[PDB]
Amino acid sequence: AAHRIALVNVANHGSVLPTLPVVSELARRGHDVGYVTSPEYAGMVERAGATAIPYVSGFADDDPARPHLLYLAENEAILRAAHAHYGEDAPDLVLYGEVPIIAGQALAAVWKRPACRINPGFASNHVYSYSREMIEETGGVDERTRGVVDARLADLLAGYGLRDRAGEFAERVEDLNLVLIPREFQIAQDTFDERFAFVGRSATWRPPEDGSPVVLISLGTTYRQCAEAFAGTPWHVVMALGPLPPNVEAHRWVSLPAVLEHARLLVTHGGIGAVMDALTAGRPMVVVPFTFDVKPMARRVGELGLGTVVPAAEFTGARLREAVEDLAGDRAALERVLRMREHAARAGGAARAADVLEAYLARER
């Protein structure tokens, strides 16, 4: 019937924003969702239909162990808020993000409850692992750093009598995983078994009236060469970032899905949220990967022929203008993107995610 869900997640846009349609679907079906989040995202998750569970947390600085210790501190802070909020009456399911996996698994073990991981982007297994690729890009781990982190993890789990489970919590694959991308976009997709549900994602501005082709440019946290590149061209350029030609439009923030309804191409930094937006809109994209985290997405857009990858080292105004006009007139790419849009629509979205989560709790797994 109506279940109790503890949605345990880290509090940032990339983690919280994609989970909100799932929260809404569950809430609409009458499920009591408790969202462990920070006070800044508390109103956001409550407007989505959840009950906010706030969490707040406050040696060396250059230390390579510092990011891992802060990660464990956040996992501890999350774990404390959830455990204290529910107390004696445990929820029916532990829905946790692909970042607080120590907190999520500890809670599930303590409460003796089924758990489910939420992967907004790529899912990881023995064949492909977005985490293993991420760890190497962040420089990997030395033996000294491994010892520091391995101990503080065991110390963290000791307070819940789970010290002997540090190894599995860090390495194991969850019994169920909601993956917020279509199966067809996933790297080594045919290797992902029954434990992964590829449900994809569920879903003010006026365009030029003359009929000018529109290109949306939304890159990272890095806006002059782009405007100078499309100057004198028939393109209408919509730019997002935090002297312009008449055809170039600039805004601090832009609704990517709203503009993509009128634009034929997206110039993106490679974020899975933006890639998913283009895919849902059926628009090819030009990916410029400035950060390491988007490198798998950039590689995947390229190998599926859903767009063009311009390396950050090779990026100039001219190369962008060249990539945009080349990919815009490419019928082959457009057909592949529209086909990928059908896959994304067929994924099931938040409605199927809820159907999957209900099926899981029906003691079917």
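Start at 1 and count along the sequence shown; that's the residue number.
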Unmodelled deposited residues between residue 188 and residue 189, binned: none
70-78 versus 224-232 - which carries the larger mean C-alpha B factor in the record: 224-232
Between the two ranges 104-112 and 251-259, the one averaging a larger CA B factor in the entry: 251-259
Deposited CA B-factor, highest of 182, 120, 87, 271: 87
Of the residues 172, 144, 83, 201, the one carrying the largest Cα B-factor as recorded: 144
Assigned third (lowest, middle, highest) for the C-alpha B factor of residue 336: middle
Within-chain third of residue 298 by Cα B-factor, per the entry: lowest
B-factor third for the C-alpha atom of residue 212 within its chain: highest
Ranked C-alpha temperature factor of residue 245 among modelled chain residues, by third: highest
Relative C-alpha B-factor of residue 130, binned into the chain's lowest, middle or highest third: lowest
